[PDB]
């Protein structure tokens with residue numbers, strides 16, 4: 032009974048916000064937006080009252099296509115109908131940086147956004163075609179974004195921006211929205227999951243704006259994955275298979291045992307994570323067998339398919355519950380891959396790892412700024428002279444914040460011919476440091492190790508304390 | 413060191429060296445000529461060096477370059493293994509650092 | 413270790429082991445085969461181990477299990493007595509720990 | 032087949048040594064002595080070639099008599115037939131002391147042997163009876179023993195001494211006796227287990243010497259257990275039950291989980307230890323249930339029964355194999380309790396723990412020298428004011444040798460009202476130190492803690508380093 036009472040109170044609270052609003056257009060948007068959460072909230076309570087490893091069958095050979103099997107490059111003429119959409123909801127707060135994550139620099143002063151545009155520019159200049167580049171922004175970044183985007187004026191680049199849905203936070207105890215007024219503080223709201231993209235594209239009118247230029251194929255990728263470069267080869271497979279949803283996949287490395295994996299689920303290709311795998315089978319799920327692929331989040335989609343699922347309202351997503359404590372609330376989120384099940388001819392492709400190089404933590408930023416990578420017209424390609432895979436770098440807990448990183452490593456060490464590197468404690472690397480083979484540095488608790496400039500280290504362990512002060 | 417060249421058996425200082433000979437004063441640990449080969453397997457480059465002091469256990473790897481003034485003061489009883497290729501310019505070095513093969 | 417089994421005198425690695433053989437590199441203290449029996453009275457379980465480094469005085473108790481990468485760096489001159497039954501997963505270990513019978 | 036070959040070679044080697052002998056009396060002794068080992072060696076190989087927890091049934095209520103149930107003290111008249119025999123095979127080498135263990139001092143300069151005689155002396159003077167006191171010596175101690183025993187001359191004390199069997203060491207590889215000649219070095223011989231007492235008493239003529247004074251009851255106890263005082267109460271139970279073998283037992287404490295325990299074995303009361311309990315059940319055997327008693331080694335026996343088992347050759351013992359490395372060899376030994384099976388009406392008595400206080404290690408010598416015990420005419424009785432059991436004292440590895448003990452603890456600390464004490468590392472205790480409750484001392488590795496004189500410690504942890512040097 033309490034569920035119906037809560038639903039009634041929730042409905043009245045959701046409607047009360049919709050009643051206190053200054054403009055009709057906002058009311059229309061807010062009503063449709065807020066009415067979706069009422070249904071979600073109902074399912075959430077119902078799904079908890081209702082609460086299968088047997089159904090977790092391995093992906094059949096028919097469900098995965100190999101990149102080496104795809105045919106010749108797609109003709110330039112077909113690129114006019116392609117479209118690229120980027121998630122732009124990440125703040126630099128994740129890495130202790132001010133502003134949006136997209137604005138933080140990576141190499142030679144360029145921002146992560148800069149490379150994307152630069153990649154778009156490379157396509158237009160090589161064939162004189164204008165691929166639309168849409169940014170799914172967030173309320174936390176739009177204000178900073180609206181400022182910085184002006185730097186891209188002039189240059190032949192069609193930039194369009196929109197803000198995703200702004201749902202309010204729901205009080206954990208009362209199960210009611212924390213904000214009362216329409217102009218309530220941002221702390222009362224949170225951005226929902228990636229799946230909001232489909233409706234957001236429509237609700238903002240971007241779908242019309244996109245349809246206005248006749249784009250038929252949509253490509254999504256996270257701004258954090260610099261490897262998501264436009265490759266005309268993949269578009270041909272799409273044009274041939276006319277699939278409604280194609281996800282790029284990669285073979286799980288030792289570090290990719292965790293994270294989502296595609297499941298056949300009786301042909302109806304699905305996905306699952308630790309968020310829903312039963313604890314009694316997580317160890318089984320972590321086995322290298324049966325689950326050999328993971329979700330890269332690089333996805334190719336049909337714009338009219340997106341329209342149809344929205345027009346049909348068939349879009350139903352796996353709710354993800356997150357909690358926070360406002361100085371307690373619940374948040375509902377969704378994944379970009381979960382939509383795979385509701386699409387015809389939906390199947391995946393396995394691509395070489397050169398397409399997945401995320402920048403989530405300090406250990407990544409060092410690899411990209413080193414001499415191991417070179418930028419050509421905005422594309423990062425590893426030196427063909429490098430044998431084996433990428434070297435493993437794992438810095439200690441002292442290098443968490445991106446600001447401090449510049450203090451301890453004023454110049455990036457030469458990492459060619461390096462095999463494995465571990466750094467723990469206070470370590471300062473001078474200029475022109477060369478590392479070869481395996482290098483293990485373990486600073487004494489509370490002491491500092493100042494690696495002398497010009498140092499050449501080969502297969503050795505370093506431990507102790509060394510101070511270098513100017514005479 | 414590389415500061416001297418042998419011609420038909422005569423030592424002549426490099427005409428490129430400005431000023432007098434640099435002052436080198438090693439600590440009490442390097443007294444015996446036999447041990448000298450253990451701690452300094454390869455002589456460091458001493459061109460452009462001004463003054464050098466070494467006290468305590470100091471091991472110099474190959475291709476070490478010293479410029480200006482270099483003062484090395486090892487902790488009593490501990491050892492300082494200067495990593496190979498090190499380039500030192502006008503600075504004081506103190507502490508302990510072990511380099512063991514992996 | 414438990415990674416190999418002998419059948420009529422032939423060694424074949426367990427087909428369950430993925431990838432190549434794990435890399436093991438013990439420190440300079442374990443040179444002599446006699447001492448080896450003192451510090452490692454029972455071989456640690458090495459299935460699912462990826463990389464292991466041991467430097468300095470390290471004593472491994474019985475039923476020690478190592479998973480992923482394990483780096484043990486003993487303090488110069490001190491000893492680390494890994495307690496029996498220890499299960500280590502992807503971590504660095506440094507310090508000194510003595511286990512004496514009550 | 033190899034067993035017969037080894038037995039044949041052993042026989043020839045044993046007989047060859049017995050043939051090369053200077054005197055007939057030795058030949059008589061050596062022939063009987065050496066012939067016993069041939070039979071033992073045969074059984075050893077046979078038992079090894081042949082190689086039951088199901089049969090390990092708990093002791094039935096009929097197998098154990100309680101000390102509180104035994105009747106009134108036995109009348110003085112019945113004491114003329116009692117006899118006490120002591121094992122005197124322990125060397126001070128076990129505790130890093132020179133000479134026999136029996137000679138090392140315990141309190142006020144008295145040796146462990148001194149107290150035994152002193153206990154006998156008190157008994158003879160209170161009733162004018164002369165109980166014979168026989169010492170089962172060893173070749174390792176007789177030479178020092180023959181010297182020191184002279185100090186007991188004059189005083190009304192009948193002292194008789196004899197040496198137990200001297201068996202040769204058997205080479206591990208050849209399975210042959212290591213010594214060749216008759217005058218071979220002592221390193222080629224070893225004293226066998228306690229069970230050798232029965233034959234040794236006979237073969238030495240001591241049985242005649244005892245029978246010559248009409249003694250009918252024999253009592254055995256180890257010289258190391260100062261609690262083995264002659265108590266006329268137990269002799270009455272013997273006179274009443276006329277049992278052929280009575281062993282004193284005590285309830286296993288937390289420290290007595292290990293060590294031998296009586297087993298009913300279908301009425302045929304036996305004993306077993308880790309030496310024969312199956313490894314798959316040792317953990318089960320260590321449980322507090324089923325095995326609640328352990329062997330104290332205090333045993334009461336009938337002298338004519340001992341004679342009969344020797345005359346009848348019914349004496350069969352559980353062989354114990356021990357190994358040594360002469361600067371490898373095998374040694375065969377037996378336990379004083381195992382003989383229980385070959386005796387009629389053999390049953391045990393459970394006595395209060397005041398009868399078991401061994402002196403095996405440093406932790407024992409501290410308890411006995413403290414103010415917690417007082418000596419009256421040579422008998423130790425704990426102060427009736429002490430509540431609870433004896434306090435637990437466990438000194439660290441630095442106090443192993445008895446010589447060093449005098450350096451770090453020049454005066455014993457007051458231990459009344461002490462509950463638990465732990466000492467690790469270099470700790471020096473000054474004079475007049477008082478400990479109350481629980482005291483934990485943990486010295487820093489390599490440093491020393493000099494507890495200042497007069498210190499009073501109550502329920503506390505002590506850690507650090509403190510030096511006291513004369514001004």
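Chains as they are written, first to last, in the entry's author numbering: chain C, 32 to 82, 86 to 361, 371 to 514; chain F, 413 to 514; chain G, 413 to 514; chain H, 32 to 82, 86 to 361, 371 to 514.
We put the CB at the ideal spot given by N, CA and C, even for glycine.
DSSP, read as helix, strand or coil, puts residue 177 of chain H in helix.
Using a C-beta cut-off of 8 Å, the stretch 463 to 470 of chain H makes contact with the stretch 432 to 440 of chain H, since at least three inter-stretch Cβ pairs fall below that distance. Only those residues of the stretch 423 to 444 of chain G whose C-beta falls short of 9 Å from the nearest C-beta of chain F are listed: 437, 439, 440.
Contact of residue 512 of chain F with chain G by beta-carbon distance below 8 Å involves 439, 440, 467.
Residue pairing by DSSP places residue 121 of chain H opposite H:170, H:256 in a beta bridge. When Cβ pairs closer than 8 Å are counted between the two stretches, the stretch 386 to 396 of chain H is seen to touch the stretch 89 to 103 of chain H, the count reaching three or more.
With fewer than three CB-CB distances shorter than 8 Å, the stretch 128 to 140 of chain H does not count as touching the stretch 66 to 81 of chain H. Residues of chain G with a Cβ closer than 9 Å to the Cβ of residue 488 of chain H are, in chain order, 490, 508, 510. Within its own chain, the residues whose Cβ lies closer than 8 Å to the Cβ of residue 237 of chain C, once the five positions on either side in sequence are excluded, are 60, 63, 64, 199, listed in chain order. Assignment of beta-bridge partners to residue 486 of chain G by DSSP yields G:507.
Looking at the backbone, the Cα of residue 328 of chain C and that of residue 269 of chain C are separated by about 21 Å. The DSSP-derived three-state label of residue 438 of chain H is strand. Setting aside the 5 residues that flank it on each side, residue 106 of chain H is surrounded in the same chain by 267, 270, each with a C-beta closer than 8 Å to its C-beta; the list follows chain order. Straight-line measurement puts the Cα of residue 478 of chain C at about 9 Å from the Cα of residue 502 of chain C. Each of H:467, H:500, H:506 was checked against the Cα of residue 513 of chain G, and the nearest Cα belongs to H:467.
In the structure shown, the three-state DSSP call for residue 376 of chain H is strand. Counting along the chain, the unbroken beta strand (DSSP E) around residue 467 of chain H starts and ends at 461 to 467. Judged by DSSP in its simplified three-state form, residue 198 of chain C adopts coil rather than helix or strand.
Within the stretch 375 to 432 of chain C, the alpha helix (DSSP H) runs of at least 4 residues that lie entirely inside it are, in chain order, 405 to 412. Contact between residue 382 of chain H and residue 279 of chain H holds: their C-beta atoms lie close to 7 Å from each other, under 8 Å. In summary, residue 509 of chain H is exposed, with fewer than 16 beta-carbon neighbours lying within 10 Å of its beta-carbon over all protein chains present. Within a 10 Å sphere around the beta-carbon of residue 215 of chain H sit fewer than 16 other beta-carbons, which makes this residue exposed.
With a contact defined as Cβ atoms closer than 8 Å, residue 235 of chain C and residue 340 of chain C qualify at about 7 Å.
8 Å or more divides the Cβ of residue 228 of chain C from the Cβ of residue 303 of chain C. Here residue 98 of chain H carries a strand assignment [DSSP, helix/strand/coil]. Cβ atoms of residue 204 of chain H and residue 416 of chain H stay farther apart than 8 Å, at about 44 Å. With respect to the 8 Å criterion, residue 157 of chain H and residue 251 of chain H are not classified as neighbours on the basis of their beta carbons. When 7 Å is used as the limit between beta carbons, residue 481 of chain C is near these residues of chain F: 514, in chain order. Residue pairing by DSSP puts residue 282 of chain C in a beta bridge opposite C:392. In this structure residue 402 of chain C does not touch residue 409 of chain C by the C-beta definition: roughly 10 Å separates them, more than the 8 Å allowed. For residue 504 of chain C, the residues of chain G that pass the 8 Å Cβ criterion are 465, 467, 485, in the order they occur in the chain. CA-CA distance, residue 500 of chain F to residue 469 of chain H, rounds to 46 Å. DSSP places residue 74 of chain H in the helix class (H, G or I) of the three-state scheme. Taking 8 Å as the CB threshold, residue 494 of chain F lines the interface with chain C.
In the DSSP assignment, residue 478 of chain C forms a beta bridge with C:500. Neighbours of residue 500 of chain C in chain F, taken as residues whose beta carbon is under 7 Å from its own, are 495 in chain order.
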